[PDB]
Structure formats: C-alpha cells, structure tokens
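Working notes for the structure below.
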Amino acid sequence: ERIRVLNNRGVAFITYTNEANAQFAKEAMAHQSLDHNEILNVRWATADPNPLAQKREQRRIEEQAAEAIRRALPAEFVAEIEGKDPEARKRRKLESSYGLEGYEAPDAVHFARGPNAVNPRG
Amino acid sequence: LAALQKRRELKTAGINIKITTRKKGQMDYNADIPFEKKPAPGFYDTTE
Amino acid sequence: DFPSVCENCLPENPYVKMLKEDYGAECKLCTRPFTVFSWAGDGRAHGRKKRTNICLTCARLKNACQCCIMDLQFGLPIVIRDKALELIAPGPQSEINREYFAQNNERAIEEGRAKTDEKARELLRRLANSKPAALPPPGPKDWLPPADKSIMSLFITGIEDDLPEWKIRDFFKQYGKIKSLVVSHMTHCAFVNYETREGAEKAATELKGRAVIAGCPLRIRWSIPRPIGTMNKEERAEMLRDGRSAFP
Amino acid sequence: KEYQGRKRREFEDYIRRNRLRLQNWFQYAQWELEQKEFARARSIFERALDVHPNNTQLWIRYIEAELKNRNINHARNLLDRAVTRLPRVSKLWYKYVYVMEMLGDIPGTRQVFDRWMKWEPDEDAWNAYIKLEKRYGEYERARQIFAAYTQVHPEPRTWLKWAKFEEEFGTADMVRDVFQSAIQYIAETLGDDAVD
Amino acid sequence: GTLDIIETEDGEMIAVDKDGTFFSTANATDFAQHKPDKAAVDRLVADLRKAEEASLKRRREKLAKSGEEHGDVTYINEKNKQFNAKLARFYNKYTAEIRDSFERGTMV
Amino acid sequence: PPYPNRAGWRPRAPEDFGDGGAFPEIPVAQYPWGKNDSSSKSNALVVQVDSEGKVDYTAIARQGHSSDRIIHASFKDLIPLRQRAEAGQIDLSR
Amino acid sequence: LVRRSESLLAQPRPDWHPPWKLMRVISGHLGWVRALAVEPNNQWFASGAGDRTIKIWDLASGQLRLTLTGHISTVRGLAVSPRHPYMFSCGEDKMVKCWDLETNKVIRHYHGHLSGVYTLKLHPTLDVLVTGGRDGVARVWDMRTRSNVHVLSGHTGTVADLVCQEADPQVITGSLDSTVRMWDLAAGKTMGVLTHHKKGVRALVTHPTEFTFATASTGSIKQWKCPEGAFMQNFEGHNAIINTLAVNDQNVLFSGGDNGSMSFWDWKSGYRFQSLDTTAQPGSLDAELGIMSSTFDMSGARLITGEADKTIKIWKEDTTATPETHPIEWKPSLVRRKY
Amino acid sequence: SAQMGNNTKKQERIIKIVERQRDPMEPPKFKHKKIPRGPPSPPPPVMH
RNA sequence: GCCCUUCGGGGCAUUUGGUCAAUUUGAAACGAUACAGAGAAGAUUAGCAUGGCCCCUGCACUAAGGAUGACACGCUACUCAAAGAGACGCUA
Ligand SMILES: [Zn+2]
C-alpha cells in the first residue's frame with residue numbers, strides 16, 4: 001500500500017495491503033543487508049501519530065466493517081439503509097406504510113430478519 | 001526533582017526520551033479504574 | 001462443558017472427534033486456566049491442532065469464537081468491530097483488574113449481563129455521507145524522449161492519499177518490467193525506474209503527459225532520479241494544483 | 001500523568017496499608033474529584049462503602065461530593081440508598097429533606113417525609129414535617145399529620161401542640177374536639193387515673 | 001384526567017383528585033422526571049461551598065488560636081503541646097494541689 | 001370527545017388522547033407519548049407499587065440479592081409477630 | 001402507619017415458674033470458667049477454664065472426676081457427642097481438639113482458625129462440628145476426615161456464638177459486629193442477616209420444642225422465629241453485657257450478665273419472673289463478679305454456671321414455692337412501646 | 001445457529017468429546033495468583 | 001495380501017499425530033563494580049508478634065530461619081455550632 005521513508009533518520013514504514021505479507025516481509029528482511037553490509041532492524045511498527053494516518057486507518061477499519069455488514073445484510077435492505085439511490089428511498093417510503101398512512105416504520109421493525117417478521121424477510 | 005529538570009532539559013533539546021517507572025510487582029493505576037465499583041442504579045435516570 | 005466454536009473453525013465433517021483438557025492452557029486474554037477443547041481440522045495429516053484459544057467468559061465478553069477470536073455476528077476481528085462500531089468493551093483490560101472482574105462477575109456474564117444491530121446501520125449511514133498563475137497544459141517536450149539515453153526515471157505528480165502503490169504498479173506493468181516504483185503520498189511525488197528504456201518511451205508515448213488512475217488525475221514527465229526531502233507545504237500545494245491542471 | 005500515577009499509587013498504598021481509616025478514602029476521592037475524574041471518585045467512594053457500610057460520615061461526604069458537582073439524580077439515588085441502609089439516622093433524613101427542599105420539589109420533599117413518618121421517628125421529624133406543610137399554606141394536610149403524630153406520639157405534649165395549631169389555624173370546635181380526643185384516649189390507654 | 005375540575009352548587013371551582021399522585025408524588029412514578037432549574041441547583045452548590053468555607057475558616061481560627069505561646073512552656077513539639085493541653089484540660093481538677101506544691105517549692 | 005363516534009376528529013395535541021391511548025377509529029398513526037426516535041437509554045430501575053399503592057422502595061435494599069434472601073427493610077419488621085396486624089395463629093412447631 | 005393488633009391476645013399471660021436458688025459453688029479451677037458441657041446421659045459435666053484445663057465433674061456430687069490438659073490457652077468450647085464417645089474442645093490457642101473419651105486422649109485436631117476460637121457446636125443429626133472465632137469466620141468441619149468443608153464468611157467481627165439445628169437455618173452465627181447470620185449448611189451461603197442488635201451479639205440459644213431461637217447483646221434479648229427470622233419479641237430489663245442464655249424444656253430463658261447479674265424469664269411471654277445477682281467467692285474483687293458461661297442439665301432441673309470468680313454454681317428451682325408465695329406481677333399494659 | 005454473516009442452516013453435528021491423555025510425569029502447569037478479595041454481598045438495612 | 005465360494009459373490013484388516021530439527025525479535029537469573037549502610041525517646045543491643053496485590057530458604061500449606069526477613073515512622077478543614085454585648089455601619 002504505502003512506504004513512507006523518513007530519510008536522514010534511516011527509518012522507513014512499509015504498509016502492505018495484506019497482514020500475512022507484512023509478517024512475511026518482517027521475518028524475511030530482519031537482519032538482512034540492503035546495499036551495504038548492515039543489519040536491518042525490521043520490527044513491528046507502532047501507530048503513526050500523524051492525524052491524517054489516524055483518520056485513514058479509522059476509515060479503512062470502517063469500510064472493512066461495512067463490507068462485512070453488507071455481506072451479512074440482504075442487498076435490498078442495505079440499499080434502503082444508505083438511501084443514496086432515490087428509487088431506494090421511494091421504495092422505503094412506499095413499503096414502510098403497511099396500510100396505515102403517516103407511519104414511516106422504524107428500522108427495528110422494517111430492517112428485521114426472521115421467519116415471523118413483516119417484510120419480504122429472506 | 002533533579003530527574004524532572006534533566007528530563008525537561010533533554011526535552012527542550014529535540015529528543016523525546018521515554019520515562020519509565022514500571023517496576024516488577026507493580027499495578028497499573030492509569031490504564032483503568034483500579035477495582036472499579038460502579039454506583040448502584042436507583043429510581044433516577046443518570047445517563048445525562 | 002462445551003466450547004463455543006463457530007462453524008468455519010469446526011471441521012467440515014459433521015461428526016467431530018474432540019479432545020478436552022481441564023486447565024489445559026491459560027486464556028489468551030485474562031490469563032486464567034480454562035478447559036481447552038481441541039480438534040483436527042480439514043487439513044488432514046499435517047497442519048495445526050485447532051483449539052479454543054480463549055476462555056468462555058472472555059468469549060461472552062467479546063462475543064467471539066473461542067478459536068478464531070472473531071466477532072460471531074459479522075465475522076470481524078474484535079478490535080476492528082469495536083473501533084468501527086464504538087462499543088463499550090465491557091470489561092477492564094489491565095493486569096489485576098481482569099482477574100478481579102472475572103472473579104466478581106462470572107455469574108452475571110453467563111446470564112448476558114454486565115446487541116449491536118442498529119449501530120451497524122448507523123455506521124452504514126455514516127459511510128453513506130462519507131466526505132473523505134496556473135501552469136500551462138503540457139507541451140510536446142514533456143513526453144518526447146530526451147536525447148540522453150541514461151535518462152530513465154518517470155516523474156508523476158498529483159498523487160492523492162487514496163491511491164495505493166499497487167494500482168500504479170500494475171497500471172505501469174503493462175508497458176514493461178519496472179525495476180522500482182517510489183510513491184511518496186506525503187509529498188504527492190512518484191518515481192518510476194524501468195529496466196529498459198523502450199518501456200519508458202512507450203509509457204511516454206501512450207500517456208502523453210497526462211494520466212487518470214482510479215479517477216485520480218496525474219502528470220507524467222521524464223526525469224533523472226532525484227531524492228525527495230523535507231519539502232515546503234506551499235510547493236506541495238502548487239504541484240498538487242499542477243497535477244489537477246494536467247486535465248484542464 | 002506521572003503526577004496522577006504517583007498520587008494514585010500513594011493513595012492506594014495508604015488504602016492497602018490501613019483500610020479502616022476513613023481519611024485515606026476521603027483524600028483519594030477528593031483528589032480524584034479535583035481532576036474531574038468523577039467515575040474514579042465514585043469507584044473509590046463505593047469501595048469505601050464496601051469497607052464501611054454503615055458509616056454516616058462517609059455517606060454524608062459522598063452525597064455532598066455528588067451534589068457540589070451538580071449531579072442531582074446521582075445524589076438522589078445516593079440519598080435513597082443512604083436512608084435505605086440507615087433508616088434510624090435522622091441526619092441522613094434531615095439532609096435528604098433539606099436537599100429536596102432546596103431544589104424546589106415540594107411533593108418530593110413530602111413523599112420523603114411520608115417515608116420518614118412510615119419509619120415512626122422522634123417528635124422532631126414530625127415537627128419538621130408540620131413546619132414544612134405550614135410554610136407553604138397547606139394546613140389541612142398538617143391536620144392529618146397531627147392525627148398520625150398523636151397516634152405515634154400519644155404524649156400530652158403533642159396533643160397540646162395540636163391544640164395550639166388548631167387554635168391558630170382552625171375553629172374552636174376543632175380545638176374542643178382535639179382536647180376531648182386527647183383526654184378520651186389517655187383515659188382509655190393509661191386508665192381513668194393517669195390523665196395529665 | 002387525573003384531577004377533576006367541578007363547578008359545585010355553590011359556584012366555586014373544586015379540584016378533586018382520583019389518585020393521590022398530586023398531593024405527594026408517592027403513587028406518581030414520574031417523581032424521577034422532576035428537573036430542578038439552574039437557580040435552585042446554584043443555591044444548593046453555593047450553600048454547600050459556604051459550609052466548606054466556614055469549615056476552613058474555623059480550622060484557620062483554631063490553628064491561629066493554638067499558635068500562641070501564652071503561659072508556661074513544658075512541651076518540646078506541637079503534638080507535645082496539644083497533648084499537654086489535653087492533660088491540663090483533664091487533670092487540673094485533680095492535680096491543682098500538686099501544681100501548688102510545685103509552685104511553692106515546699107509542702108505537698 | 002366521547003364515544004358514540006370519533007370520526008372527523010384527528011388528534012393534533014398530546015393531550016387529545018386524554019391521559020393517553022391511541023384511538024382505533026382514526027386510521028392514522030397516533031403517538032400517545034410522542035416520537036420514539038431514540039431508545040429509552042435510561043439506567044433507572046423499574047418503579048413498582050405495593051398493595052395499598054405507594055412507591056415501593058424495597059428494590060433498593062434487595063438490589064444485588066437473590067429472591068430467597070431474607071432482608072428486613074421496613075418498620076413492619078421491627079414489630080413483634082403477635083402484634084403484626086395481619087397475624088392470627090402462628091405455627092411454632094419443629 | 002403500620003397497623004398493630006388490638007386483640008389483647010398478642011401478649012401471652014406468663015406461666016408460673018418457681019424462683020431459683022444457689023445450691024453449690026465448686027472451686028479448683030484457676031481461671032475463669034468459660035466452658036460447660038453436660039454429657040447426654042446427665043451423669044457428668046465438662047468445665048473448661050482460663051487455666052487451660054478441662055475438668056470432668058460428677059453432676060450429682062459436684063466431685064472432681066478428672067482433669068485433662070493439652071490446651072495452652074483458655075478453653076472456650078466443649079461438647080460431649082450424643083452419638084460418639086467424643087468430647088470437643090476449642091481454645092484461644094487456635095486449636096480445635098477431639099478427645100476420645102474411651103482413652104481420655106486427644107485423637108483429632110481441626111486446624112485452620114487464624115485466631116482464638118470462641119464457639120463449637122455439634123450438628124444434631126449430621127457428623128459435623130462448627131467453630132467460630134476472632135477471624136470473623138465460622139468453620140464447618142467434618143468429624144471423620146478433619147476437613148474444613150465450609151468457610152462461612154460475611155461477618156466483620158468476632159463470631160461469638162453459633163447454634164446448630166436439624167432444619168434450615170442450620171447454622172446461626174452471632175458476631176461482635178452486632179449482626180446475626182442465618183446460614184444454609186448445604187451451600188455455605190447466608191440465608192439471612194439480622195441487624196436489630198446495636199452491640200456485639202454474644203449469646204444465642206434455640207428452644208427445644210419450638211422452631212424459634214433467641215439472641216442476646218448488652219441490654220437486649222431478642223426472640224426470633226425460624227426459618228424466616230421474623231422478630232418475635234424482646235426480653236427487656238437486663239441492663240448488662242449478656243454472655244449467656246439458657247432456655248429449659250419448661251420454657252426458661254437464663255441470661256447471665258458480665259457484671260454478675262442474672263435474669264430468669266418465661267419464654268413464651270417475655271416476662272422476667274426472677275432477677276438475681278450472683279455472689280463472688282471469697283478473695284475475689286468486685287470486678288470479678290460475672291457469669292461467663294452457663295448451661296442446663298439434660299433434666300432441666302439444675303442450672304450450671306461458670307463464673308469469673310473461677311467458680312461453678314449449681315442452681316435449683318425452689319420446691320417450697322407456690323404461685324401464691326411468688327405471684328406473677330404482670331399486667332397487660334396499654335403502651336405504644338416505641339420500636 | 002447462524003453466525004459470521006451467512007444465515008444458511010448448517011447440518012446438525014454429533015460430537016465425540018474425550019478427555020486428553022496427560023503425561024503422568026507432568027508437574028502443575030501454572031502458578032497460583034494472589035488476587036485481592038472481592039466486595040462482600042450488599043449489606044442489609046440497619047434495623048436499630 | 002490371504003481366506004471362503006451354492007463362481008453368483010462374500011470375508012478378514014480401518015483414520016496416527018498439544019512436537020517444524022532450525023536459539024538475534026515471545027520474554028531466565030545474577031555476580032563483579034560503584035553506592036548506601038542493620039529497629040525500640042543517651043550509647044550498645046536479645047527477641048516474640050501484629051496487617052497483606054512483599055517475599056526468600058525449607059518436606060513442613062499445623063517447624064525454624066532470612067536485620068526481631070523486609071515493609072509501617074507518613075499525611076491531617078467538613079455529621080460541626082450557640083451566646084451578649086459593643087460596633088465603622090446596616091436596619092426596624
Ligand atoms: Zn472460529
């Protein structure tokens with residue numbers, strides 16, 4: 001993903017996209033030489049105090065969890081959940097009425113999964 | 001006190017030297033509340 | 001007397017041969033001895049004897065499988081779930097307070113005392129509204145090959161923080177063998193060093209000083225490789241504006 | 001944070017060294033109140049209540065420390081716990097009625113006084129309840145309080161207090177009824193001989 | 001609907017209570033829902049702080065009145081001085097005759 | 001309004017339901033206690049009442065204890081059993 | 001207000017009991033007599049004193065059968081087993097000894113009390129002994145294996161008394177922290193806590209035929225009904241530290257007061273039919289007047305008291321007394337009796 | 001039950017649980033930790 | 001592989017294993033060295049206990065030792081007022 005070389009200090013922070021690749025690189029480059037006869041101290045990085053890196057990591061955690069939730073929930077359910085699509089918004093307004101007008105059914109009742117729920121269910 | 005002034009002097013001179021007082025057999029009082037006993041709830045809501 | 005183990009950690013065989021060892025190991029969270037259940041995975045004849053890594057009380061506190069230590073509702077790691085859903089993490093994580101809380105609460109944790117659902121929808125709605133003198137357009141000299149055959153580097157400017165190095169690498173892998181690719185997102189700079197000059201010449205020929213990678217506009221030029229140092233914020237801003245000006 | 005850790009270490013070492021001295025708990029909880037660590041101070045005070053359950057001074061200081069930081073509902077729960085644990089300490093009841101009279105809340109003060117009168121206290125609490133109801137008008141409800149008072153405290157002194165009250169705030173027929181009920185009751189419980 | 005307003009035969013507005021929730025907020029489960037205003041809470045905090053400052057003033061006055069060297073000195077420390085003052089406050093009524101004997105330099 | 005009929009009258013006020021209770025006659029969604037947009041999220045205890053009707057305060061003394069635990073928490077426990085109102089024959093046999 | 005009963009049947013009229021008189025005083029102990037145990041066949045009794053001896057005395061003659069040594073501190077408990085030929089002693093030296101009466105030798109030790117032990121009771125139907133001490137703990141021991149099968153914790157003061165009965169609450173521990181704890185023996189859990197006493201609870205007793213017990217602290221004796229621990233009545237008028245309590249098969253409560261005082265009460269009514277003050281053995285101080293232990297014999301006709309003037313006093317009820325010579329002076333008073 | 005996303009009904013399982021063969025020579029595996037006492041049971045009202 | 005056979009066929013035997021061999025980066029312990037230097041109100045000292053998120057040696061978790069093993073020596077407002085004058089002044 002991202003290599004930030006803090007030059008002058010002789011320090012770099014390599015971020016792979018995969019954790020297994022990061023562990024492989026740490027166990028492979030430890031006590032190796034780069035170009036001259038040196039011993040590299042390839043260790044586990046702590047946390048980048050740069051707030052930009054903090055919000056990047058927090059966001060990436062959030063879309064990882066969002067990917068898991070989107071895998072868990074049905075496609076119509078999540079498509080109504082974000083509501084960026086206007087047609088999905090119209091589907092939420094028309095479907096969450098159930099006869100009684102001016103209801104706008106709560107997300108606990110509408111976005112519910114089970115055999116006895118009142119929804120297309122699953 | 002002398003450790004405090006030398007730590008401040010080396011703090012001014014660029015480097016941030018880490019200070020550690022973690023002896024063995026020692027409990028952490030800043031991580032969480034030591035032996036945390038939360039107050040018993042009553043009839044009055046106190047979440048605000 | 002029975003572990004709480006998810007289906008993907010359990011064997012594919014519906015009939016499980018399981019070993020049980022009272023106080024076989026200490027829990028990987030609270031360091032208390034606990035009954036360890038172990039079984040042989042679907043990787044027959046070599047692999048790892050899969051086992052309950054944490055105790056049952058910590059598995060109730062974390063709502064996780066005892067083997068994989070992932071969330072038993074979405075299949076996420078515990079810290080990923082807690083950071084992305086802002087959960088309470090009901091229990092101390094210090095040294096002595098862990099045994100204190102487990103000693104004083106092991107009967108109420110079993111009954112479900114001391115349900116996210118809606119917070120997942122809150123996270124999805126929060127990520128729905130995500131909210132993450134100009135230089136002239138490049139003339140022909142930018143992508144024409146220089147007379148010096150020793151010139152090999154391709155300088156890219158305009159790189160945002162959302163663009164990984166691997167997208168650039170396999171975008172430029174189709175032109176030839178890349179010896180090196182240095183991407184500094186802090187300075188929005190990138191250097192591509194090929195092994196053959198024909199690949200760099202083809203990159204300059206079919207890029208023509210401009211590029212779009214994953215919706216990000218970038219500017220490409222020939223360059224002798226120079227290092228990137230501690231560099232001023234105004235210069236970073238003006239070549240970011242230049243990289244945006246690569247598409248006028 | 002180094003200062004906080006060293007002070008916490010010193011306070012916890014004093015608590016471990018001698019836990020039966022209330023000053024260590026008081027100092028630790030007050031200090032943790034000073035850095036606005038209200039959950040920590042609450043935990044220290046509740047641990048002190050685990051060591052000293054029936055200490056009225058610790059209850060008073062913890063209710064006061066909760067009140068001075070404008071945690072009203074916490075302190076009212078605390079006063080409910082304090083009058084539940086020690087219903088025969090009139091200091092806690094007096095503080096509880098005083099606090100819920102300071103914050104407006106006159107029906108709340110009245111129901112706290114009703115619980116106190118359910119516990120059948122000394123004459124001072126009955127007089128305080130009568131003074132509460134006399135302050136905000138409400139004389140007839142004070143008359144039922146005198147009825148319950150003369151049931152609980154059937155000495156001639158309380159009957160004379162009811163007589164003076166019904167003289168100042170009621171008809172002369174009420175005073176005659178009060179005196180007749182007093183002499184009749186004392187004649188039928190202490191006998192015809194021991195009327196004052 | 002808990003309280004009922006009736007214009008009686010005498011033409012006066014009476015207000016009868018079905019329950020007992022109006023008089024005392026027992027039987028009224030919304031006693032938790034009372035919220036005191038800012039002025040009353042400020043008055044309570046001010047009175048508690050006034051009691052606190054009275055305690056500090058009394059402590060300072062007691063220390064100032066204990067800091068005076070009026071009389072014969074026998075002690076060597078502050079705690080010794082306080083203990084000797086306590087010994088006086090208990091033992092004058094039993095040992096004043098012995099103090100007289102010590103002052104005179106003669107008979108018991 | 002009374003009930004021979006309630007058609008043509010929509011609840012517009014929170015006091016239109018009297019103390020509360022949505023009217024089945026009107027086929028419009030009705031909220032006797034307003035919007036439940038947020039959860040309850042209150043950590044208070046469930047307030048109970050006793051037989052004669054007063055706020056029951058024995059949930060504070062019994063807090064943290066099981067139901068078989070014997071806890072004396074009222075003035076009624078300070079009265080002798082023979083004098084304890086609803087007390088006739090007392091069985092004092094092993 | 002909580003309603004009372006106005007039937008005037010809430011106060012039982014006291015039954016007549018004859019007054020008690022001094023019969024015997026047995027010297028020989030060189031410490032305060034603090035233990036006393038009548039064997040189940042009513043022939044001899046067992047006194048343990050501050051001279052760390054246990055003396056076996058013939059009950060009829062008051063004549064010293066035997067002296068047993070082996071404790072090194074004051075003997076506080078003693079129990080002759082009705083089902084085994086065993087005697088059970090506890091002391092201030094943390095020792096709980098089981099004596100084989102067929103050999104007059106200590107055959108078992110029940111070790112584990114961190115401080116001096118004050119009480120010791122044999123379970124009436126089970127093979128269990130129960131000790132309590134200055135460590136705030138009631139140890140429940142199995143007789144056969146010497147195993148500490150229960151640690152009854154929850155008191156914050158010295159466990160000073162303890163009774164064992166055949167039904168729940170099977171253990172009742174009074175402590176110097178002014179609380180009384182009712183314990184289910186099967187689980188080791190507190191069934192109930194009684195906090196009515198203001199001072200340290202020093203005496204407990206159970207009735208032989210009724211399912212009730214009594215506790216006693218200074219100035220106050222309280223009668224309670226099992227299994228719920230409902231407060232039955234007060235015994236009032238003994239303004240002293242009460243060390244002991246002895247109910248008879250004929251419903252007699254005996255409270256002995258540390259200042260040398262004595263009260264004989266009718267159990268059902270709470271009426272004090274006798275109020276005595278013991279007398280000191282010659283050579284004693286005024287401060288040595290005190291009844292430190294007491295028991296009834298199995299017949300109930302003799303009260304054995306061990307007293308802080310190192311004496312043993314036998315008390316008989318007066319055979320030349322009639323209800324006319326000693327009339328009951330109780331009247332059904334009509335007082336609120338502020339509780 | 002259903003867990004980790006997917007909600008397909010998995011087949012029910014028959015599980016054989018056997019105690020593990022332990023080395024007869026193995027000493028006790030873990031040290032004993034001295035944890036301080038927990039808080040007591042909630043104290044009753046004081047009925048003086 | 002073997003056995004049985006009405007050559008159609010059938011039988012015997014049935015799922016091991018908490019172990020990468022691979023010492024820097026999954027956690028040993030000192031000593032030397034420098035430094036400080038053994039408690040009880042003058043000096044010199046025998047001790048025995050007490051409390052536990054302090055231990056060591058020991059079979060002793062029912063000895064005895066480790067300086068009486070060490071540790072404790074601190075810190076200190078808050079259940080908290082009433083008077084009877086006088087008084088810059090307040091005020092009826
Ligand atoms: Zn798993």
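Identifiers for the structure tokens are assigned positionally: chains receive A, B, ... in sequence, residues are indexed from 1 per chain, and ligands are indexed from 1 in the order shown.
For ligand 1, the protein and nucleic acid residues at most 7 Å away, judged by only C-alpha atoms (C1' of nucleotides) and all ligand atoms, amount to residues 5, 6, 7, 8, 9, 65, 66, 67, 68, 69 and 70 of chain C.
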- Task: Report as JSON, numbers by chain the set of chain B residues whose atoms approach chain H to within 12 Å, with distances computed over only C-alpha atoms.
- Result: {"B": [25, 27, 34, 35, 36, 37, 38, 40]}
Counting only C-alpha atoms, what are the residues of chain H within 12 Å of chain F, and for each of them which pair of atoms is the nearest and at what distance in Å, to one decimal? Sort the table by chain and rising number, as a Markdown table.
```
| residue | atom | partner | partner_atom | distance |
| --- | --- | --- | --- | --- |
| H:39 | CA | F:64 | CA | 11.8 |
| H:40 | CA | F:64 | CA | 10.6 |
| H:41 | CA | F:64 | CA | 7.5 |
| H:42 | CA | F:64 | CA | 6.3 |
| H:43 | CA | F:61 | CA | 8.3 |
| H:44 | CA | F:71 | CA | 6.4 |
| H:45 | CA | F:73 | CA | 5.8 |
| H:46 | CA | F:73 | CA | 8.3 |
| H:47 | CA | F:78 | CA | 7.4 |
| H:48 | CA | F:78 | CA | 8.5 |
```
Quick one: write out the picked residues with C-alpha atoms as a tab-separated table (two decimals), in the first residue's frame?
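Full text of out-v3.tsv as output:
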```
chain	number	residue	atom	x	y	z
H	39	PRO	CA	-16.54	-6.84	47.59
H	40	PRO	CA	-18.96	-8.52	50.01
H	41	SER	CA	-22.63	-9.16	49.44
H	42	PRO	CA	-24.74	-5.95	49.56
H	43	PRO	CA	-25.21	-5.23	53.26
H	44	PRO	CA	-28.73	-5.20	54.72
H	45	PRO	CA	-30.52	-2.20	56.24
H	46	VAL	CA	-29.53	-1.43	59.83
H	47	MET	CA	-32.64	-2.18	61.86
H	48	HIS	CA	-31.88	-0.46	65.16
```
For this session: Write out as a list in words which residues come within 10 Å of range 31-35 of chain D when counting only C-alpha atoms (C1' of nucleotides), dropping same-chain ones fewer than 4 positions away.
Result: residues 4, 7, 8, 11, 25, 26, 27, 39, 40, 41, 42, 44, 65, 66 and 69 of chain D
Got a sec to pull out which chain I residues are within 9 Å of chain E, counting only C-alpha atoms (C1' of nucleotides), and send them as an NGL selection string?
-> :I and (77-78 or 80)
Exercise for the section: Would you mind listing what lies within 10 Å of range 15-19 of chain F as a ChimeraX atom specification, with only C-alpha atoms (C1' of nucleotides) counted and same-chain residues fewer than 5 positions away left out? Expected result: /E:1-2 /F:1,9-10,30-33
